[PDB]
Amino acid sequence: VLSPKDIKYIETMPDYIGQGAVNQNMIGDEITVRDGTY
Amino acid sequence: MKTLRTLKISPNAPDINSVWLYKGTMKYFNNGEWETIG
Amino acid sequence: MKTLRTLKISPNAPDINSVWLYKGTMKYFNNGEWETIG
Amino acid sequence: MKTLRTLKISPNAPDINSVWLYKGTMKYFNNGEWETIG
Amino acid sequence: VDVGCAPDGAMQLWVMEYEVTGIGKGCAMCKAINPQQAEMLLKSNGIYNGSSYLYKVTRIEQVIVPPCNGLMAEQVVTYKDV
Amino acid sequence: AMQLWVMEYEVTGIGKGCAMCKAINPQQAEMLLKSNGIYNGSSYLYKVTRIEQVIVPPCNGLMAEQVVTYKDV
Amino acid sequence: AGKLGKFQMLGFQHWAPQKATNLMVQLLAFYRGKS
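Residues numbered from 1 in each chain as written, not as in the entry; some residues may be left out. Chains lettered and ligands numbered in written order. Part of a larger assembly, values for the part shown. Heavy atoms only, no water.

Per the deposition metadata, cryo-EM was the technique used to determine this entry, at a resolution of 3.62 Å.

What follows is the structure, encoded as structure tokens:
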């Protein structure tokens, strides 16, 4: 059922050389980030 | 920079890419005119 | 001896196998030094 | 009309189809003799 | 290293090669805040700054100070190059 | 390892040159050029003609210039 | 024609977070020993 325009969406996925190392509202527009967690 | 391959002996102006050799002059095209060396 | 086949018009010096032409002076390369013709 | 193409340096007189250079004396074959330019 | 100069707060030292057209070639070392500023010092405080259009600058490269002694830069312009 | 020395010199018969060293005194800034330069096998050709120190508070200025022209060759 | 130095070699007497790679970087601004 996938059209060829949809496999190209599945083909343009992220593939990473690797490492080496619920929907909630906001009351406020302030975010603190810590080690890639928002 | 502007290479002139041949030298043409004639009473007539040969070409801008030649050296015009009359009797006792060596004329070549520079700044839009034949400049004599001597 | 050394046969030259070209003539060059430049403010710089050409290679040793060409005749230097600049604004009314003529030079050529013998014994390591650009010898003027005049 | 007659095109000289090569310049030949020599202390003595080379062929009539080329230009002679010696110490700064440009000599080429015109009117049956070696005509110096200057 | 933080002396209070323009390019990020430090001193930048430069090598310059060029070609004075109609004249010859040469070297120049300068302390200059920019590479554009380095070629502006050749056209203002060089030997040929009067007719400053002769300078055809072919290379502007930095000199980095090593942590110890050593020859940092060298640029010979030989007679056979000219 | 103290301070930076810009030297104008002249290789004898081959051409002029510009240099930049880091040494304690200009007897050591000339030593670093004759021992590590490209004329290391012909270090007697080095004729050092001007040495000046790199003083920082201008930081906008020429420190060497040496043009080899068509009439020095 | 001249050499602007790319590297300086010092002794050990004359002187952790994450790593981008796990093997060392053989720089091209460094001579290598020739067997």
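That shown, we press on.
**Q** Any details on the nonpolar core? Residues and values, ideally.
**A** Core analysis: the largest hydrophobic core is formed by 24 residues, its most contacted members being B:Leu21, B:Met26, C:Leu7, C:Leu21, C:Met26, D:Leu7 and D:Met26. Aside from chain neighbours lying at most four places away, what touches D:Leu7 is B:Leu7, C:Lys2, C:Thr3, C:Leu4, C:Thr6, C:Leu7, C:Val19, D:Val19, D:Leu21 and D:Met26. (Core = buried A, V, L, I, M, F, W, Y, C linked by side-chain atoms within 4.5 Å. Buried < 20%, exposed > 50% of the residue type's maximum accessible area, 1.4 Å probe, protein only. Contact = heavy atoms within 4.5 Å.)

**Q** Lay out the pairing of strand β2 (residues 15–23) of chain F with the relevant residues and their values.
**A** Judged by how many residues are buried, β2(F) sits mostly within the fold: 9 of 9 residues are covered. Pairing of strand β4 (residues 73–78) of chain E with β2(F), which is carried by 6 bridges, proceeds in the antiparallel orientation. Looking at the pairing, E:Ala73 lines up with F:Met20 of β2(F). Sheet analysis places strand β1 (residues 3–11) of chain F next to β2(F), joined by 9 bridges and oriented antiparallel. Counterpart to F:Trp5 in the pairing with β2(F) is F:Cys21. (Helix = DSSP H or I, 4+ residues; strand = E, 2+ residues; numbered from the N terminus. Pairing = 2+ DSSP bridges.)

**Q** So what about the interface of chain C and chain B? Which residues, and what values?
**A** At the interface, 13 residues of chain C touch 16 residues of chain B. Carbon and sulfur atoms supply 61% of the area that chain C and chain B bury against each other, a total of about 1200 Å² over both sides. Of all residues in chain C, the largest losses of buried area upon contact with chain B belong to C:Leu7, C:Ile9 and C:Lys23, amounting jointly to 49% of the total for that side. In this assembly, chain C and chain B are joined by 0 salt bridges. Across the contact surface, chain C and chain B share 5 residue pairs in polar contact. Counting only elements with at least two residues in the side of chain C that touches chain B, the list comes to β2 (7–9), β3 (19–22) and β4 (25–30) of chain C. Residue contributions to the side of chain C that touches chain B peak at 3 residues, all from β2(C). (Buried area = accessible area lost by both parts, 1.4 Å probe. Salt bridge = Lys/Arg side-chain N within 4 Å of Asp/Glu carboxyl O. Polar contact = N/O pair within 3.5 Å; in protein donor to acceptor, adjacent residues only side chain to side chain.)

**Q** Pulling in residues and values, what's your account of the state of the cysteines?
**A** Here, the word disulfide means a covalent bond between the sulfur atoms of two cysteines. On inspection of all chains with the given rule, the structure shows 2 disulfides over all chains. One disulfide bridge connects E:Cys5 with F:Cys59, the sulfur atoms lying 2.0 Å from each other. Classification of the bridge connecting E:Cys5 and F:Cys59 rests on its S-S torsion, roughly -120 degrees, and on that basis the disulfide is left-handed. A residue pair is termed interchain when its members come from two chains, as with E:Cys5 in the segment before β1 (13–20) and F:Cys59 in the loop between β3 (50–53) and β4 (61–69). The residues E:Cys5 and F:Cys59 share a single accessibility class, namely buried. In this structure E:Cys68 is not part of a disulfide, and its nearest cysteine sulfur, from F:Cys21, lies 13 Å away. By relative accessible area, E:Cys68 is classed as buried at 14%. Here F:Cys21 is not disulfide-linked; the sulfur of F:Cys18 is the nearest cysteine sulfur, at 12 Å. Take F:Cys21: its relative accessible area is 0%, and that puts it in the buried class. (Disulfide = S-S within 2.5 Å.)

**Q** Run through the relation of the copies chain C and chain B, naming residues and quoting values.
**A** For these two chains of identical sequence, chain C goes onto chain B by a turn of 117 degrees and a shift of 0.4 Å along the axis, with RMSD 0.6 Å. Between the two chains, the operation in question is that of a three-fold axis. (Least-squares fit on C-alpha atoms.)

**Q** For the pairing of strand β5 (residues 33–36) of chain C, give the residues involved together with the corresponding values.
**A** Residues and elements named next belong to chain C. With 4 bridges connecting them, β4 and β5 associate as antiparallel partners. Bridge assignment links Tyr-28 to a residue of β5, and that residue is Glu-35. Between β4 and β5, which follow one another and run antiparallel, lie 2 residues, and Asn-31 among them has a positive phi close to 60 degrees.

**Q** Please provide a residue-by-residue account of the sheet that holds β2(F), values included.
**A** Here we have 4 strands laid out as an open sheet, ordered β4(E)-β2(F)-β1(F)-β3(F), and antiparallel in their pairing. Two strands close off the open sheet at either side, each with one partner strand: β4 of chain E together with β3 of chain F. Each adjacent strand pair in this sheet contributes to an overall mean axis angle of 15 degrees, direction not counted. Along the sheet face, helix α1 (residues 26–36) of chain F touches β4 of chain E together with β1, β2 and β3 of chain F and points at about 125 degrees away from the line of β2(F). (Axes fitted to C-alpha atoms, helices over the stretch in contact; angles between N-to-C directions.)

**Q** How would you explain the arrangement of the chains if you had to name every residue and give the values?
**A** For this structure, the chain pair with the highest number of contacts among 9 pairs of chains in contact is chains E and F. No part of chain B reaches chain F; the closest C-alpha pair between them is 17 Å apart. A minimum C-alpha distance of 24 Å separates chain B and chain G, which share no contact.

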